[PDB]
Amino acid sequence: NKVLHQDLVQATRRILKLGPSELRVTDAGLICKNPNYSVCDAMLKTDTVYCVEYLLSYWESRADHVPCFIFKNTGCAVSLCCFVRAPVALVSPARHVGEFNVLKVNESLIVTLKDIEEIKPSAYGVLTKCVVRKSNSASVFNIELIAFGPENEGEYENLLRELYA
């Protein structure tokens, strides 16, 4: 369980490409007691593209739980708080993520795999990523979810072949 806990944290740092100071970990003992605590909170840079779907899907891979992440606006930046199972209760103004979202300090945005499926056109050569932007206003941020296919389908298929040797 400690190994699992670590596994998830180490992955989150890799996929989101976060430095040691940019990820906040809460300890598994204190998480085990209460179901409503995040396992890790990731500090996200603006104008940076983040592989949210692959991270969710890795979490669904390692866990037997439908993962639940949530974008929080801290005022001067957005963080992605990561839960293994959806919390029982959340910050009131909580809604699910679309292709574009206006995130206030008050509000909080939930991201699950099922919201991504709705956004992506096909399932087979499409990966969705997210981007945070500083708003026109000072306190507000935008979360953009956008779906992506490969540069070259040959290279992609080559890669898929190389993956099964």
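Throughout, we count residues from 1 along the sequence that is shown.
Q: Decide which of the stretches 85-93 and 69-77 has the higher mean C-alpha B-factor, going by the entry.
A: In the deposited entry, the stretch with the higher C-alpha B-factor mean is 85-93.
Q: Mean CA temperature factor from the deposited coordinates, higher in 12-20 or in 150-158?
A: Stretch with the higher mean C-alpha B-factor: 150-158.
Q: Highest Cα B-factor in the deposition, which of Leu109, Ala28, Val52, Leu127?
A: Reading the PDB entry, the winner on C-alpha B-factor is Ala28.
Q: Just grab whichever of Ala63, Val102, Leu44, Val39 has the top CA B-factor as deposited.
A: Across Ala63, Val102, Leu44, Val39, the entry lists the biggest C-alpha B-factor for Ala63.
Q: With respect to C-alpha B-factor, does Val131 fall in the lowest, middle or highest third of the chain as deposited?
A: For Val131, the deposited C-alpha B-factor lands in the lowest third.
Q: Test of reading the entry: by CA B factor among the chain's modelled residues, which third contains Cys32?
A: Its C-alpha B-factor, which the entry lists for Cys32, ranks in the highest third among residues of this chain.
Q: Ranking every modelled residue in this chain by its Cα temperature factor as given in the entry, which third contains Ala138?
A: Highest third, going by the recorded CA B-factors of the chain.
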